[PDB]
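Peer 1: Here you go, protein-v9.cif (mmCIF, N, CA and C atoms and all ligand atoms):
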data_protein
loop_
_atom_site.label_atom_id
_atom_site.label_comp_id
_atom_site.auth_asym_id
_atom_site.auth_seq_id
_atom_site.Cartn_x
_atom_site.Cartn_y
_atom_site.Cartn_z
N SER A 1856 0.83 -1.19 0.00
CA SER A 1856 0.00 0.00 0.00
C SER A 1856 0.87 1.25 0.00
N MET A 1857 0.27 2.41 0.26
CA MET A 1857 1.00 3.67 0.19
C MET A 1857 2.21 3.66 1.12
N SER A 1858 3.40 3.86 0.53
CA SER A 1858 4.69 3.85 1.23
C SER A 1858 5.06 2.48 1.80
N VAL A 1859 4.43 1.40 1.33
CA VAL A 1859 4.74 0.05 1.79
C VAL A 1859 5.04 -0.76 0.53
N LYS A 1860 6.32 -0.84 0.18
CA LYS A 1860 6.76 -1.39 -1.09
C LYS A 1860 7.03 -2.88 -0.95
N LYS A 1861 6.46 -3.64 -1.82
CA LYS A 1861 6.72 -5.07 -1.91
C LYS A 1861 7.96 -5.30 -2.75
N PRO A 1862 8.89 -6.15 -2.31
CA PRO A 1862 10.03 -6.49 -3.17
C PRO A 1862 9.55 -7.02 -4.50
N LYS A 1863 10.19 -6.56 -5.57
CA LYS A 1863 9.79 -6.87 -6.93
C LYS A 1863 10.96 -7.50 -7.67
N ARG A 1864 10.66 -8.51 -8.48
CA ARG A 1864 11.70 -9.15 -9.27
C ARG A 1864 12.30 -8.14 -10.24
N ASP A 1865 13.59 -8.33 -10.54
CA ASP A 1865 14.27 -7.53 -11.54
C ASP A 1865 13.66 -7.79 -12.91
N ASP A 1866 13.09 -6.75 -13.53
CA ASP A 1866 12.41 -6.90 -14.81
C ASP A 1866 13.22 -6.35 -15.97
N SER A 1867 14.48 -5.97 -15.73
CA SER A 1867 15.26 -5.26 -16.74
C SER A 1867 15.59 -6.12 -17.95
N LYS A 1868 15.58 -7.45 -17.82
CA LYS A 1868 15.87 -8.32 -18.95
C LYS A 1868 14.62 -8.89 -19.60
N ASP A 1869 13.42 -8.49 -19.15
CA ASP A 1869 12.20 -9.14 -19.62
C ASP A 1869 12.01 -8.99 -21.12
N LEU A 1870 12.29 -7.80 -21.66
CA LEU A 1870 12.08 -7.57 -23.08
C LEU A 1870 12.97 -8.48 -23.91
N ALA A 1871 14.26 -8.53 -23.58
CA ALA A 1871 15.19 -9.39 -24.31
C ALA A 1871 14.80 -10.86 -24.18
N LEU A 1872 14.37 -11.29 -22.99
CA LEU A 1872 14.04 -12.70 -22.80
C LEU A 1872 12.74 -13.08 -23.52
N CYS A 1873 11.73 -12.22 -23.46
CA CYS A 1873 10.51 -12.49 -24.23
C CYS A 1873 10.80 -12.53 -25.73
N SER A 1874 11.70 -11.67 -26.20
CA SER A 1874 12.09 -11.70 -27.60
C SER A 1874 12.77 -13.02 -27.94
N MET A 1875 13.64 -13.51 -27.05
CA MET A 1875 14.31 -14.78 -27.29
C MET A 1875 13.30 -15.93 -27.33
N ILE A 1876 12.36 -15.97 -26.38
CA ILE A 1876 11.32 -16.99 -26.39
C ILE A 1876 10.52 -16.92 -27.68
N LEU A 1877 10.11 -15.71 -28.09
CA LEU A 1877 9.31 -15.57 -29.30
C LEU A 1877 10.08 -16.06 -30.52
N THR A 1878 11.39 -15.79 -30.57
CA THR A 1878 12.21 -16.30 -31.68
C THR A 1878 12.22 -17.83 -31.71
N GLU A 1879 12.30 -18.47 -30.55
CA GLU A 1879 12.24 -19.93 -30.53
C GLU A 1879 10.88 -20.43 -31.02
N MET A 1880 9.81 -19.71 -30.68
CA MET A 1880 8.49 -20.08 -31.20
C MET A 1880 8.46 -19.96 -32.71
N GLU A 1881 8.91 -18.80 -33.23
CA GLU A 1881 8.85 -18.53 -34.66
C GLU A 1881 9.61 -19.56 -35.48
N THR A 1882 10.66 -20.16 -34.92
CA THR A 1882 11.50 -21.08 -35.66
C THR A 1882 11.14 -22.54 -35.40
N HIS A 1883 10.18 -22.79 -34.52
CA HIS A 1883 9.69 -24.14 -34.30
C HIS A 1883 9.06 -24.70 -35.57
N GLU A 1884 9.28 -26.00 -35.81
CA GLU A 1884 8.76 -26.64 -37.02
C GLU A 1884 7.25 -26.45 -37.16
N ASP A 1885 6.54 -26.44 -36.04
CA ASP A 1885 5.08 -26.39 -36.05
C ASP A 1885 4.53 -24.98 -35.88
N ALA A 1886 5.35 -23.95 -36.15
CA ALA A 1886 4.87 -22.57 -36.04
C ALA A 1886 4.10 -22.10 -37.26
N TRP A 1887 4.14 -22.83 -38.37
CA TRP A 1887 3.57 -22.32 -39.61
C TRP A 1887 2.10 -21.90 -39.52
N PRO A 1888 1.22 -22.50 -38.70
CA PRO A 1888 -0.16 -21.99 -38.65
C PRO A 1888 -0.27 -20.63 -37.99
N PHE A 1889 0.76 -20.20 -37.26
CA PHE A 1889 0.66 -19.07 -36.35
C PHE A 1889 1.58 -17.91 -36.70
N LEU A 1890 2.31 -17.99 -37.82
CA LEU A 1890 3.28 -16.96 -38.15
C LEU A 1890 2.60 -15.70 -38.69
N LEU A 1891 1.43 -15.83 -39.30
CA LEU A 1891 0.70 -14.73 -39.91
C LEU A 1891 -0.74 -14.72 -39.43
N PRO A 1892 -1.43 -13.59 -39.53
CA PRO A 1892 -2.85 -13.57 -39.14
C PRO A 1892 -3.66 -14.54 -39.99
N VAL A 1893 -4.66 -15.16 -39.37
CA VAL A 1893 -5.63 -15.93 -40.15
C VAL A 1893 -6.35 -14.97 -41.08
N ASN A 1894 -6.56 -15.39 -42.32
CA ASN A 1894 -7.12 -14.52 -43.35
C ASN A 1894 -8.63 -14.41 -43.15
N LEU A 1895 -9.06 -13.32 -42.52
CA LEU A 1895 -10.48 -13.18 -42.18
C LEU A 1895 -11.38 -13.14 -43.41
N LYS A 1896 -10.82 -12.96 -44.60
CA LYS A 1896 -11.62 -12.92 -45.82
C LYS A 1896 -11.67 -14.26 -46.54
N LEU A 1897 -10.82 -15.22 -46.15
CA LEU A 1897 -10.82 -16.53 -46.77
C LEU A 1897 -11.34 -17.64 -45.88
N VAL A 1898 -11.42 -17.42 -44.57
CA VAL A 1898 -11.76 -18.48 -43.63
C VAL A 1898 -13.17 -18.22 -43.11
N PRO A 1899 -14.16 -19.01 -43.51
CA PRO A 1899 -15.53 -18.78 -43.03
C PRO A 1899 -15.59 -18.92 -41.52
N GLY A 1900 -16.38 -18.05 -40.89
CA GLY A 1900 -16.65 -18.13 -39.48
C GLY A 1900 -15.59 -17.54 -38.58
N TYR A 1901 -14.36 -17.36 -39.06
CA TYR A 1901 -13.28 -17.02 -38.13
C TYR A 1901 -13.50 -15.65 -37.49
N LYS A 1902 -13.79 -14.63 -38.30
CA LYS A 1902 -14.00 -13.30 -37.76
C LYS A 1902 -15.20 -13.27 -36.81
N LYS A 1903 -16.25 -14.02 -37.13
CA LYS A 1903 -17.43 -14.03 -36.28
C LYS A 1903 -17.19 -14.77 -34.97
N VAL A 1904 -16.46 -15.88 -35.03
CA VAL A 1904 -16.30 -16.74 -33.86
C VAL A 1904 -15.15 -16.28 -32.97
N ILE A 1905 -14.04 -15.80 -33.54
CA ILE A 1905 -12.82 -15.54 -32.79
C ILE A 1905 -12.77 -14.04 -32.54
N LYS A 1906 -13.10 -13.64 -31.31
CA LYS A 1906 -13.31 -12.22 -31.03
C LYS A 1906 -12.01 -11.44 -30.97
N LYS A 1907 -10.89 -12.09 -30.65
CA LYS A 1907 -9.58 -11.43 -30.58
C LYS A 1907 -8.55 -12.28 -31.30
N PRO A 1908 -8.44 -12.15 -32.62
CA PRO A 1908 -7.41 -12.89 -33.35
C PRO A 1908 -6.02 -12.47 -32.89
N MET A 1909 -5.09 -13.41 -32.93
CA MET A 1909 -3.72 -13.10 -32.54
C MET A 1909 -2.79 -14.09 -33.23
N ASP A 1910 -1.56 -13.66 -33.48
CA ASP A 1910 -0.58 -14.48 -34.18
C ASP A 1910 0.82 -13.99 -33.83
N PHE A 1911 1.83 -14.78 -34.22
CA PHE A 1911 3.20 -14.47 -33.83
C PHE A 1911 3.67 -13.14 -34.42
N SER A 1912 3.29 -12.84 -35.66
CA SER A 1912 3.78 -11.59 -36.26
C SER A 1912 3.21 -10.38 -35.54
N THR A 1913 1.95 -10.45 -35.11
CA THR A 1913 1.37 -9.35 -34.36
C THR A 1913 2.05 -9.21 -33.00
N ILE A 1914 2.30 -10.33 -32.33
CA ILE A 1914 3.04 -10.29 -31.07
C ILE A 1914 4.42 -9.69 -31.27
N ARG A 1915 5.12 -10.11 -32.34
CA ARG A 1915 6.46 -9.58 -32.61
C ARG A 1915 6.42 -8.07 -32.86
N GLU A 1916 5.43 -7.61 -33.63
CA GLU A 1916 5.27 -6.17 -33.85
C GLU A 1916 5.01 -5.44 -32.54
N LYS A 1917 4.11 -5.99 -31.72
CA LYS A 1917 3.80 -5.35 -30.44
C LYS A 1917 5.01 -5.33 -29.52
N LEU A 1918 5.80 -6.40 -29.51
CA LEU A 1918 6.99 -6.43 -28.67
C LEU A 1918 8.03 -5.42 -29.17
N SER A 1919 8.18 -5.31 -30.49
CA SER A 1919 9.15 -4.39 -31.09
C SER A 1919 8.75 -2.92 -30.96
N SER A 1920 7.52 -2.61 -30.54
CA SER A 1920 7.03 -1.23 -30.52
C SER A 1920 6.50 -0.82 -29.15
N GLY A 1921 6.92 -1.52 -28.09
CA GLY A 1921 6.58 -1.12 -26.74
C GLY A 1921 5.13 -1.27 -26.35
N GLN A 1922 4.41 -2.20 -26.98
CA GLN A 1922 2.99 -2.35 -26.70
C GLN A 1922 2.69 -3.39 -25.61
N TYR A 1923 3.72 -4.03 -25.04
CA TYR A 1923 3.51 -4.88 -23.87
C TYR A 1923 4.03 -4.16 -22.63
N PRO A 1924 3.16 -3.82 -21.68
CA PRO A 1924 3.62 -3.12 -20.47
C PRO A 1924 4.44 -4.01 -19.54
N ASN A 1925 4.22 -5.32 -19.57
CA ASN A 1925 4.89 -6.23 -18.66
C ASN A 1925 4.88 -7.62 -19.29
N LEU A 1926 5.64 -8.54 -18.70
CA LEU A 1926 5.77 -9.85 -19.32
C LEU A 1926 4.46 -10.63 -19.25
N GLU A 1927 3.61 -10.35 -18.25
CA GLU A 1927 2.34 -11.05 -18.13
C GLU A 1927 1.42 -10.77 -19.32
N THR A 1928 1.42 -9.52 -19.80
CA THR A 1928 0.59 -9.19 -20.96
C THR A 1928 1.13 -9.83 -22.23
N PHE A 1929 2.45 -10.01 -22.33
CA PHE A 1929 3.01 -10.77 -23.44
C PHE A 1929 2.53 -12.23 -23.41
N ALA A 1930 2.61 -12.88 -22.25
CA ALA A 1930 2.16 -14.27 -22.16
C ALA A 1930 0.66 -14.40 -22.45
N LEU A 1931 -0.13 -13.38 -22.12
CA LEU A 1931 -1.56 -13.42 -22.43
C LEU A 1931 -1.79 -13.53 -23.93
N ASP A 1932 -1.06 -12.74 -24.73
CA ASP A 1932 -1.21 -12.79 -26.18
C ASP A 1932 -0.73 -14.12 -26.75
N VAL A 1933 0.39 -14.65 -26.23
CA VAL A 1933 0.83 -15.96 -26.71
C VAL A 1933 -0.24 -17.00 -26.43
N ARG A 1934 -0.77 -17.01 -25.20
CA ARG A 1934 -1.78 -18.01 -24.85
C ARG A 1934 -3.05 -17.81 -25.66
N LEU A 1935 -3.39 -16.56 -25.97
CA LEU A 1935 -4.54 -16.26 -26.82
C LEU A 1935 -4.42 -16.93 -28.19
N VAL A 1936 -3.20 -16.97 -28.75
CA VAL A 1936 -2.99 -17.66 -30.02
C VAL A 1936 -3.48 -19.11 -29.92
N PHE A 1937 -3.11 -19.79 -28.84
CA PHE A 1937 -3.42 -21.22 -28.74
C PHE A 1937 -4.85 -21.47 -28.27
N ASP A 1938 -5.40 -20.56 -27.46
CA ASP A 1938 -6.82 -20.63 -27.12
C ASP A 1938 -7.70 -20.43 -28.35
N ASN A 1939 -7.37 -19.45 -29.19
CA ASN A 1939 -8.08 -19.31 -30.46
C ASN A 1939 -7.98 -20.60 -31.27
N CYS A 1940 -6.77 -21.14 -31.40
CA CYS A 1940 -6.56 -22.36 -32.18
C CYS A 1940 -7.41 -23.51 -31.65
N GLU A 1941 -7.52 -23.62 -30.32
CA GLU A 1941 -8.24 -24.74 -29.74
C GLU A 1941 -9.74 -24.55 -29.84
N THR A 1942 -10.19 -23.30 -29.96
CA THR A 1942 -11.60 -23.00 -30.17
C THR A 1942 -12.03 -23.37 -31.59
N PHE A 1943 -11.17 -23.12 -32.58
CA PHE A 1943 -11.59 -23.24 -33.97
C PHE A 1943 -11.18 -24.54 -34.63
N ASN A 1944 -10.13 -25.21 -34.17
CA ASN A 1944 -9.60 -26.37 -34.87
C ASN A 1944 -9.79 -27.64 -34.04
N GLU A 1945 -10.02 -28.75 -34.75
CA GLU A 1945 -10.10 -30.05 -34.09
C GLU A 1945 -8.76 -30.43 -33.49
N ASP A 1946 -8.82 -31.08 -32.32
CA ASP A 1946 -7.61 -31.43 -31.56
C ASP A 1946 -6.58 -32.17 -32.40
N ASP A 1947 -7.02 -33.04 -33.31
CA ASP A 1947 -6.08 -33.85 -34.07
C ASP A 1947 -5.96 -33.43 -35.53
N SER A 1948 -6.57 -32.32 -35.92
CA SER A 1948 -6.20 -31.72 -37.19
C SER A 1948 -4.74 -31.29 -37.13
N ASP A 1949 -4.16 -31.00 -38.30
CA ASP A 1949 -2.76 -30.56 -38.32
C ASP A 1949 -2.59 -29.24 -37.57
N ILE A 1950 -3.48 -28.27 -37.82
CA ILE A 1950 -3.39 -26.99 -37.11
C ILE A 1950 -3.69 -27.17 -35.63
N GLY A 1951 -4.70 -27.99 -35.31
CA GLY A 1951 -5.05 -28.21 -33.92
C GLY A 1951 -3.94 -28.85 -33.11
N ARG A 1952 -3.29 -29.87 -33.66
CA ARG A 1952 -2.20 -30.52 -32.93
C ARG A 1952 -0.98 -29.62 -32.86
N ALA A 1953 -0.70 -28.89 -33.94
CA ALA A 1953 0.36 -27.88 -33.89
C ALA A 1953 0.15 -26.93 -32.72
N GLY A 1954 -1.09 -26.52 -32.49
CA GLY A 1954 -1.37 -25.60 -31.41
C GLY A 1954 -1.10 -26.20 -30.05
N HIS A 1955 -1.54 -27.44 -29.83
CA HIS A 1955 -1.23 -28.13 -28.59
C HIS A 1955 0.28 -28.26 -28.40
N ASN A 1956 1.01 -28.65 -29.46
CA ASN A 1956 2.46 -28.76 -29.38
C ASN A 1956 3.10 -27.42 -29.03
N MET A 1957 2.67 -26.35 -29.70
CA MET A 1957 3.28 -25.04 -29.46
C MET A 1957 2.96 -24.49 -28.08
N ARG A 1958 1.76 -24.76 -27.56
CA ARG A 1958 1.45 -24.30 -26.21
C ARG A 1958 2.39 -24.94 -25.19
N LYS A 1959 2.58 -26.25 -25.31
CA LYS A 1959 3.46 -26.97 -24.40
C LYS A 1959 4.88 -26.45 -24.52
N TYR A 1960 5.36 -26.31 -25.75
CA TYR A 1960 6.68 -25.73 -25.98
C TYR A 1960 6.81 -24.38 -25.27
N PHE A 1961 5.80 -23.51 -25.42
CA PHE A 1961 5.86 -22.17 -24.82
C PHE A 1961 5.91 -22.24 -23.30
N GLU A 1962 5.00 -23.01 -22.70
CA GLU A 1962 4.89 -22.98 -21.24
C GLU A 1962 6.16 -23.51 -20.59
N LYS A 1963 6.85 -24.45 -21.24
CA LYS A 1963 8.11 -24.93 -20.67
C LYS A 1963 9.20 -23.86 -20.76
N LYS A 1964 9.30 -23.17 -21.90
CA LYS A 1964 10.25 -22.06 -22.01
C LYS A 1964 9.93 -20.98 -21.00
N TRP A 1965 8.64 -20.75 -20.75
CA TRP A 1965 8.22 -19.70 -19.81
C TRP A 1965 8.69 -20.01 -18.39
N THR A 1966 8.40 -21.23 -17.91
CA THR A 1966 8.83 -21.58 -16.56
C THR A 1966 10.34 -21.69 -16.47
N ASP A 1967 10.97 -22.27 -17.49
CA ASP A 1967 12.43 -22.38 -17.48
C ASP A 1967 13.09 -21.01 -17.44
N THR A 1968 12.49 -20.02 -18.11
CA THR A 1968 13.10 -18.70 -18.21
C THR A 1968 12.83 -17.84 -16.98
N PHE A 1969 11.59 -17.85 -16.47
CA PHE A 1969 11.19 -16.87 -15.47
C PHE A 1969 10.88 -17.45 -14.09
N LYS A 1970 10.67 -18.75 -13.97
CA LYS A 1970 10.48 -19.34 -12.65
C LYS A 1970 11.85 -19.61 -12.05
N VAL A 1971 12.22 -18.80 -11.05
CA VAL A 1971 13.61 -18.59 -10.59
C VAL A 1971 14.56 -18.52 -11.78
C1 LIG B 2001 -4.13 -20.58 -36.45
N1 LIG B 2001 -5.19 -20.94 -37.43
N2 LIG B 2001 -6.43 -21.35 -37.14
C2 LIG B 2001 -7.10 -21.61 -38.32
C3 LIG B 2001 -6.22 -21.32 -39.37
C4 LIG B 2001 -5.03 -20.93 -38.80
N3 LIG B 2001 -3.73 -20.47 -39.45
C5 LIG B 2001 -3.68 -19.89 -40.78
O1 LIG B 2001 -4.65 -19.77 -41.42
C6 LIG B 2001 -2.32 -19.39 -41.28
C7 LIG B 2001 -2.30 -18.12 -41.14
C8 LIG B 2001 -1.83 -17.50 -42.50
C9 LIG B 2001 -1.88 -18.63 -43.53
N4 LIG B 2001 -2.14 -19.73 -42.87
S1 LIG B 2001 -2.08 -21.31 -43.45
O2 LIG B 2001 -3.12 -21.50 -44.50
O3 LIG B 2001 -2.52 -22.23 -42.41
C10 LIG B 2001 -0.37 -21.71 -44.05
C11 LIG B 2001 0.76 -21.17 -43.38
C12 LIG B 2001 2.05 -21.47 -43.83
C13 LIG B 2001 2.22 -22.30 -44.96
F1 LIG B 2001 3.49 -22.60 -45.41
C14 LIG B 2001 1.08 -22.83 -45.62
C15 LIG B 2001 -0.20 -22.52 -45.17
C16 LIG B 2001 -6.90 -21.59 -40.71
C17 LIG B 2001 -8.16 -22.36 -40.37
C18 LIG B 2001 -8.43 -22.07 -38.90
#
Give the structure from this file in structure tokens form.
Ligand SMILES: Cn1nc2c(c1NC(=O)[C@@H]1CCCN1S(=O)(=O)c1ccc(F)cc1)CCC2

Peer 2:
Amino acid sequence: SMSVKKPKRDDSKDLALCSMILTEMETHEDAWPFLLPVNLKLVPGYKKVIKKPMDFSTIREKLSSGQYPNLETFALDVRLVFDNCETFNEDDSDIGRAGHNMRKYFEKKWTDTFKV
């Protein structure tokens, strides 16, 4: 509260580390469904069903332009990519399984990087 400061983790490397994690995502074999926005003009239902589209290129642009205030908001957008994928694609379709694979890949990099 006012004048009662809680010790806070050092956040000075967060931008560089989130960029490194995002680069590992972008170069993963199964990143191809997520590198670019889903084409809202070619995919029936997507714009209507998926209220907040998100993809790696948009995350990369936002990271490169100061649009993430903290690392938690970055992880929210990454997770949004895979939540969208799981809403729209069957679990064992190629895109659907890619999404499950990429979520697991991400969460392990996240804990390995930022949990101690
Ligand atoms: C995440 N998500 N969820 C759904 C879809 C997708 N991703 C796509 O659409 C991506 C986005 C841009 C193009 N493509 S692509 O067609 O898949 C593609 C990508 C690389 C490549 F070399 C060949 C084809 C579509 C149906 C629902």

Peer 1: Can you tell me, as a ChimeraX atom specification, which residues in region 1877-1941 of chain A count as alpha helix (DSSP H) by DSSP?

Peer 2: /A:1877-1882,1901-1904,1911-1919,1926-1941

Peer 1: Between A:1865, A:1959, A:1914, A:1857, which has the minimum distance to residue 1932 (chain A) (counting only N, CA and C atoms)?

Peer 2: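 Once distances to residue 1932 (chain A) are computed over only N, CA and C atoms, the minimum belongs to A:1914.
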
Peer 1: Padding 8 Å on every side, please: axis-aligned box over the listed atoms of region 1878-1895 of chain A, centre and edge lengths to one decimal in Å, as JSON.

Peer 2:
{"center_x": 0.5, "center_y": -19.9, "center_z": -37.0, "size_x": 39.7, "size_y": 29.5, "size_z": 28.9}

Peer 1: Of the residues A:1877, A:1936, A:1918, A:1872, which is the one nearest to ligand LIG 2001 (chain B), using all atoms listed in the file?

Peer 2: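 For ligand LIG 2001 (chain B), the nearest of the candidates is A:1936.
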
Peer 1: Between CA of residue 1933 (chain A) and CA of residue 1921 (chain A), what is the spacing in Å?

Peer 2: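 Going from CA of residue 1921 (chain A) over to CA of residue 1933 (chain A), I get 15.9 Å.
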
Peer 1: For atom C of residue 1869 (chain A) and CA of residue 1960 (chain A), quote the distance in Å rounded to one decimal.

Peer 2: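 Atom-to-atom, atom C of residue 1869 (chain A) to CA of residue 1960 (chain A), that is 18.2 Å.
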
Peer 1: Of the candidates A:1915, A:1957, A:1934, A:1924, which one gets nearest to residue 1886 (chain A) if we count all atoms listed in the file?

Peer 2: A:1957

Peer 1: Select, from A:1962, A:1910, A:1947, A:1884, the residue with the minimum atom-to-atom distance to ligand LIG 2001 (chain B), counting only C-alpha atoms and all ligand atoms.

Peer 2: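 Looking only at the distances to ligand LIG 2001 (chain B), the closest residue turns out to be A:1910.
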
Peer 1: Please find the residues contacting ligand LIG 2001 (chain B) at a distance of at most 9 Å between atoms, with only C-alpha atoms and all ligand atoms counted, and report them as a VMD selection string.

Peer 2: chain A and resid 1886 to 1895 1897 to 1899 1901 1908 to 1910 1936 to 1937 1939 to 1944 1950 to 1951 1953 to 1954
